[PDB]
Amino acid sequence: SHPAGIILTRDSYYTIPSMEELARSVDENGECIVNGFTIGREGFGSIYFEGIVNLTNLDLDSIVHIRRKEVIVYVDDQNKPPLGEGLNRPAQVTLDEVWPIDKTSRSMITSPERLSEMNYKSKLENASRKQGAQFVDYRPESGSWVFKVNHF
């Protein structure tokens, strides 16, 4: 049990501030409030929430899922809180190791030169637009698709 009530126990998930720092960050009112919050997962991506975020008793294990080429923040709509509460708020999503498949061998294409030839970045940009997100970047070296949302 984490002194701030945060529930985050799955392998490779981490927070900024770290879960250890957050355990030392409970205030006089028993709350853990940060300015700028990241939840990440090594090998998959991360999500950055600007501004003041109340983390106390946040069930991150249930709420946040950072997968290959996709994040899920609130698995259903019934338990998604009102706009501005919890993590239903503006965020920058980064999904790492996102690379296309080479139709010849069904092998991943990681060469930046090849990724440019085929304008993969514009596939991800089209996808963002269709999802109602704002495309920010595709960094081919790390396969990092970055986009911003106003809420989840």
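Note that residue numbering begins at 1 and tracks the sequence as displayed.
Between 99-107 and 49-57, point out the one with the higher average CA B-factor as the PDB entry records it. That would be 99-107.
Would you mind comparing 16-24 and 136-144 for me and telling me which has the higher average C-alpha temperature factor in the entry? Comparing 16-24 with 136-144, the higher mean C-alpha B-factor belongs to 16-24.
Quick one: which of 34, 124, 93, 66 shows the highest Cα temperature factor in the PDB entry? If I rank 34, 124, 93, 66 by C-alpha B-factor, first place goes to 34.
According to the PDB entry, is the CA B factor of residue 83 in the bottom, middle or top third of its chain, that is, lowest, middle or highest? As the PDB entry reports it, the C-alpha B-factor of residue 83 lands in the highest third of its chain.
Against its chain's modelled residues, does residue 10's Cα B factor rank lowest, middle or highest third? CA B-factor rank for residue 10: lowest third.
Name the third of the chain's ranked CA B-factors that contains residue 70, choosing lowest, middle or highest. For residue 70, whose C-alpha B-factor we compare with every modelled residue in the chain, the answer is the lowest third.
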